[PDB]
Structures are given as structure tokens and as C-alpha cells.
Amino acid sequence: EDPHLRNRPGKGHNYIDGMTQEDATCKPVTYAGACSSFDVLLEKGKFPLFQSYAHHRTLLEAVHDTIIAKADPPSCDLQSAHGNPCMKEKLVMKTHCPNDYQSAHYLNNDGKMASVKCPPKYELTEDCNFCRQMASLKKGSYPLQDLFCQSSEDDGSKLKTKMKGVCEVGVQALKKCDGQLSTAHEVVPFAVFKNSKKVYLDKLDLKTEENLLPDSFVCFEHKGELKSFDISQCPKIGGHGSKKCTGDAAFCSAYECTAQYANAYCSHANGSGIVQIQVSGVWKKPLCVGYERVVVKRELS
Amino acid sequence: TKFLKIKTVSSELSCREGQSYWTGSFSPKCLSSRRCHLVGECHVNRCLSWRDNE
């Protein structure tokens with residue numbers, strides 16, 4: 001019930017490495033600023049999964065926190081040479097990006113991250129598979145997948161696509177085809193672990209496991225309402241600190257509370273903590289679980 | 001002379017169909033999503049009285 005959808009834990013950086021153009025307004029990402037790579041994540045009717053899970057991290061924040069690696073090149077330019085590795089994974093995807101956007105990032109196959117790049121002044125289209133010519137053009141990127149990042153270091157490189165009766169989904173060449181193969185764009189779940197491939201899913205069992213973590217509390221600065229305030233300036237239990245801080249039982253159980261003798265009010269975020277996954281009957285912890293609309297080839301005959 | 005022969009195969013008893021329907025085996029796939037209390041939509045009153053067509 002807490003309307004803290006703009007407060008980002010950790011550091012609050014959303015600009016990606018490759019399109020560092022909107023870094024003047026999204027640093028740090030807080031209640032202020034009009035970052036094009038975060039405004040569409042909270043609009044009603046776009047990515048409801050991130051609307052349900054918004055107190056954690058994103059894919060960009062995971063890249064900045066040394067969680068999700070970047071491919072080579074991390075931002076494949078669309079107007080340069082003749083062939084780039086960041087195209088076979090883009091044409092198979094079918095999304096809907098609004099107008100006035102230059103870049104569009106997505107998830108690759110090797111577990112890293114690869115985005116596109118268009119030289120000025122090129123904008124996207126209704127699908128984003130190709131950047132054509134020309135409000136003003138946003139100097140950022142549009143999230144092509146409905147996923148969310150989180151702090152995790154669970155290893156899982158010995159798992160592959162767990163989909164039965166599927167020929168070649170996305171760009172992964174699984175099993176061969178001998179009869180009728182479909183090609184309809186359907187949603188498929190996936191979950192990439194640490195240093196692994198784009199592992200798809202079939203049965204998802206999400207849950208909420210909260211824990212007393214420093215990156216699970218939100219707060220706003222008080223002054224003569226929601227204001228930006230760094231959480232790292234909160235003293236510990238009898239430790240030290242620069243300014244002051246206070247909160248409820250969750251925020252005051254681990255940090256020091258001074259009641260009215262502070263400048264903010266730290267509150268525990270609803271659902272923030274540890275979000276595990278149940279794949280192959282074994283409870284695991286993913287990194288950036290989400291959905292995507294790629295080309296699914298199912299063997300009907 | 002113009003002949004009009006009608007070949008007779010045998011004597012069959014066809015079954016007149018009336019009411020028909022398509023059926024088969026089905027296995028449900030349940031999806032769990034344990035949401036914490038007072039977290040978005042998880043509540044003590046809105047989790048219990050939940051409609052099946054919403």
C-alpha cells in the first residue's frame with residue numbers, strides 16, 4: 001500500500017552502458033527526474049509485472065551493480081558495418097515500443113546483455129525491429145522485456161531450456177523438426193542464472209521471502225510529501241553516521257531511530273527482499289526473470 | 001434402347017445422430033504466487049473472497 005514506486009534501492013542508476021546520454025536527469029533515480037527508461041515501467045497497461053514487483057532492482061541497475069554482464073559489443077550499432085551479432089535475437093522478438101525513442105535494450109542468449117543503437121536523428125517504429133527517420137526524441141532506451149533485476153549470486157549453468165515439443169524457440173536451436181512446425185508469437189517464461197544461457201521455463205512458482213537487508217527499506221526526506229534522501233546516511237545500532245534517521249519496527253529494528261530528531265522516515269518496502277524460483281522441483285534464485293514474445297516453433301505433427 | 005441400372009451394395013443400418021459433443025482428457029496446470037500480506041493486492045479480505053472470472 002506504500003506509494004514508493006519511485007524510490008530505488010542500492011544506488012539508483014538507469015541509463016545503461018552504451019547510451020550514456022540521459023545521465024544528467026537519472027542520477028540518482030528518485031522521485032524527481034523524467035527518465036525515459038523508467039516512466040513507461042509504471043504506466044498502467046504496459047509492464048504490470050514490474051508494477052507488482054517494483055521495490056527491487058531492474059536490468060540496468062543489475063548491470064551497474066555487476067550482476068548482469070554485457071555482450072561484445074554491448075550496444076551494436078545499426079548504421080555501421082554490414083553484419084552485427086545483435087540482430088538475429090532482435091528480429092525474432094515482437095514488441096510494441098512508443099514513438100520518440102532512439103535505443104531499445106533487451107536480453108541476449110549468452111546470459112549477458114546486448115542492445116541496439118541508432119545514430120541521430122533516428123527513431124523507432126510501432127514494433128522497434130527497425131529504426132527509421134524522423135515531441136522531442138528521448139535520449140534513452142525502451143525496455144523490450146517485462147523483467148526485474150535482483151541481488152543474487154546463485155549458480156546454475158548446468159540447466160538448459162525446459163520446453164517439450166518445441167523445435168527452435170527464439171534463437172536457441174534445440175531439437176530438429178520432421179513435420180509441421182508453428183511460428184505464432186506466444187509468450188514464454190524464462191529465467192537466466194549466473195553465468196548461464198537463456199534458460200526458458202514451463203512452470204513458475206513465485207513467492208515472497210522478505211529479509212532484513214539494507215536494500216529493502218525506502219524513505220523520503222522531511223522538510224518544511226516525497227523527497228530524495230540517501231539511505232546510506234542512517235546510523236547503525238550504536239554505531240556512527242553523518243545525519244539522522246528514524247522509522248518503524250522494521251527500520252528501527254536494524255538501524256537507529258531518533259523519532260522527530262531526524263530528517264527522513266525509513267519504511268519497509270512491501271515485498272522487497274529475496275524472491276526465489278522453483279524450477280525442476282528445486283528451489284533456486286534467479287537474476288532477471290521475466291517474459292518475452294519470440295518465435296516459438298512447436299511440433300504439431 | 002437406354003438402360004438405367006441401379007447397383008445395390010448390401011443392406012446397411014445407419015445410425016441417425018442426434019446430440020453430440022466433443023470431449024477428451026485434460027490435465028490442469030496450477031500456478032502458485034504466494035504474495036505477502038498488505039503487499040500490492042495480497043490482503044486478508046481480498047484474498048479470500050476472490051472471484052473466478054476476474
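A. Geometry of the overall build of chain B. Helix and strand counts for chain B stand at zero helices and one strand. Scaling as 2.2 N^0.38, a compact globule of 54 residues should have a C-alpha radius of gyration of about 10 Å, whereas chain B reaches 31 Å, well beyond that. Considering only C-alpha atoms, chain B reaches an extent of 95 × 20 × 20 Å along its principal axes.

B. Here's a closer look at the packing of aromatic side chains. Residue and element names in this part refer to chain A. What the rule picks out here adds up to seven aromatic pairs over all chains. Between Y53 and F148, the aromatic rings sit 5.3 Å apart at their centres with planes inclined by 75°, giving edge-to-face as the arrangement. Neither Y53 nor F148 differs from the other in exposure class; each is buried. Consider the rings of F251 and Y255, whose centres lie 5.3 Å apart with planes at 90°: the pair is edge-to-face. Exposure remark for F251: the relative accessible area of 6% places this residue in the buried category. You can call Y255 buried: its relative accessible area is 12%. An aromatic cluster of at least three residues, connected via ring pairs, comprises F47, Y101 and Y142.

C. Fine view of the nonpolar core. Residue and element names in this part refer to chain A. Ranked by size, the top nonpolar core spans 21 residues in total, and within it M163, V169, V188, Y200, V294 and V296 carry the most contacts. When contributions to this core are tallied by element, the ones reaching two or more residues are β7 (185-190) and β13 (288-295). With sequence-adjacent residues up to four places away left out, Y200 is seen in contact with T161, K162, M163, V169, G170, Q172, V188, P189, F190, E292 and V294. Counting 17 residues, the second largest nonpolar core, distinct from the first, contains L41, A54, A191 and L204.

D. Highlighting the sheet that holds strand β6 (residues 146-149) of chain A. Residue and element names in this part refer to chain A. Across the sheet, three strands lie side by side as β6-β13-β7; this open sheet has antiparallel pairing. Looking along the sheet, the strands with just one partner apiece sit at the ends: β6 and β7. Between one strand and the next, the sheet's axes are offset by a mean angle of 25°, whatever the strand orientation.

E. Region of interest: unusual backbone geometry. Residues and elements named next belong to chain A. Here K27 and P28 are connected by a cis peptide whose omega angle stands at 0°. Within the secondary structure, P28 sits in the segment before α1 (36-39). Phi at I16 takes a positive value of approximately 65°, unusual for a residue other than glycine. Examined against the element boundaries, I16 turns out to sit in the segment before α1. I16 gets classed as buried once you look at its relative accessible area, which sits at 10%. Even without being a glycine, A259 presents a positive backbone phi close to 60°.

F. Focus on the interface of chain A and chain B. Taken together, the contact pairs 13 residues of chain A with 11 residues of chain B. The class makeup of the residues in the side of chain A that touches chain B is three nonpolar, four polar and six charged. Sheet analysis places strand β8 (residues 205-206) of chain A next to strand β1 (residues 32-33) of chain B, joined by two bridges and oriented parallel. Counterpart to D205(A) in the pairing with β1(B) is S32(B).

G. Focus on the pattern of salt bridges. Residues and elements named next belong to chain A. Taken as a whole and assessed by the stated rule, the structure comprises 15 salt bridges over all chains. Note that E186 is salt-bridged to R298, the shortest N-O span being 3.6 Å. The partner of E221 in a salt bridge is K223, with the nearest N and O atoms 3.4 Å apart. The exposure class assigned to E221 is partly exposed, which follows from its relative accessible area of 22%. Linked by salt bridges that have partners in common, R57, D65 and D215 make up one network.

H. Structural context of a positive patch on the surface. A contiguous patch of positive charge, built from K162(A), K164(A), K203(A) and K29(B), is present on the exposed surface. When you line up the elements, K162(A) lands in the loop between β6 and β7. On the accessibility criterion, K162(A) (48% relative accessible area) is partly exposed.

I. Broad picture of the environment of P214(A). Residues and elements named next belong to chain A. Mapping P214 onto the fold places it in the loop between β8 and β9 (217-218). Along the primary structure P214 and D154 are separated by 60 residues, whereas in three dimensions their C-alpha atoms are 19 Å apart. Sequence-distant contacts of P214, that is, excluding residues within four places in its chain, are made with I231 and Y255.

J. Seen up close, the sheet that holds strand β1 (residues 75-77) of chain A. Residue and element names in this part refer to chain A. The strand order β1-β4-β3 describes an open sheet built from three strands, whose pairing is mixed. Either end of the sheet is taken by a strand with one partner, and the two such strands are β1 and β3 (105-106). With two bridges joining them, β3 and strand β4 (residues 114-117) adopt antiparallel strand pairing. Bridging across to β4, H105 finds its partner in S115.

Reading guide: rules and limits
Residues numbered from 1 in each chain as written, not as in the entry; some residues may be left out. Chains lettered and ligands numbered in written order. Part of a larger assembly, values for the part shown. Heavy atoms only, no water. Residues with missing side-chain atoms left out of burial classes, pairs and counts. Helix = DSSP H or I, 4+ residues; strand = E, 2+ residues; numbered from the N terminus. Rg over C-alpha atoms; globule rule 2.2 N^0.38 Å. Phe/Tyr/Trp six-rings, centres within 6.5 Å; stacked < 30°, edge-to-face > 60°. Buried < 20%, exposed > 50% of the residue type's maximum accessible area, 1.4 Å probe, protein only. Core = buried A, V, L, I, M, F, W, Y, C linked by side-chain atoms within 4.5 Å. Contact = heavy atoms within 4.5 Å. Pairing = 2+ DSSP bridges. Axes fitted to C-alpha atoms, helices over the stretch in contact; angles between N-to-C directions. Nonpolar A, V, L, I, M, F, W, Y, C, P; charged D, E, K, R; others polar. Salt bridge = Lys/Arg side-chain N within 4 Å of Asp/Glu carboxyl O. Patch = residues over 30% accessible without salt bridge, like charges linked within 9 Å, V, L, I, M, F, W, Y side chains within 5 Å. Areas by Shrake-Rupley, 256 points an atom, 1.4 Å probe, with all protein chains shown as cover. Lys, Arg positive; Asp, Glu negative; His and termini not counted. Charge placed at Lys NZ, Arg CZ, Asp CG, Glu CD.

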